[PDB]
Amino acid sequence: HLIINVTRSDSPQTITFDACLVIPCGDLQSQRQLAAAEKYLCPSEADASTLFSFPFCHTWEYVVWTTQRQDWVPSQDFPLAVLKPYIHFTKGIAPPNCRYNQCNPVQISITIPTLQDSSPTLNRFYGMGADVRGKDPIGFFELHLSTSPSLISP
């Protein structure tokens, strides 16, 4: 699966990549249809050995971020909704002659410093979907924060 490698920083940090690295969009003609569609992002509680038993963006309650301008109000009782202020999820625009895996630019902006971990960690799996008019295609990916052990680290 796709692993997004994030270098821990003391400042905010934006990340641009193509949604169809994550979402099963299909061939190029299908990706071009998806270019103008909205995307959404769901944090998951699955690990590497349980990926197949926690389906991603399975209900509306798992959606914490969307590429819409109006900001998505997460589910009050979803435990991972607290991650909401740490991430902004936006949609880019692609040229009309866009090429494979380059018609759906999205941006993940980590709004907090990352040298230390957040109380619910950002280092986890995430689901991504495309707001389409048939069954939304849904994929997942791993957000991996780099680590560098300190000198006094035991």
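Residue indices: 1-based, along the sequence shown.
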141-149 versus 17-25 - greater average Cα B-factor per the deposited record: 141-149
With B-factors read from the PDB entry, the higher C-alpha mean of 49-57 and 100-108 is in 49-57
Residue 44: C-alpha B-factor third of its chain, per the entry, is the middle
Where does residue 93 sit by CA temperature factor within its chain: lowest, middle or highest third? highest
Based on the entry's values, in what third of the chain does the Cα temperature factor of residue 35 lie: lowest, middle or highest? lowest
By its CA B factor, does residue 122 count among the lowest, middle or highest third of the modelled residues in the chain? middle
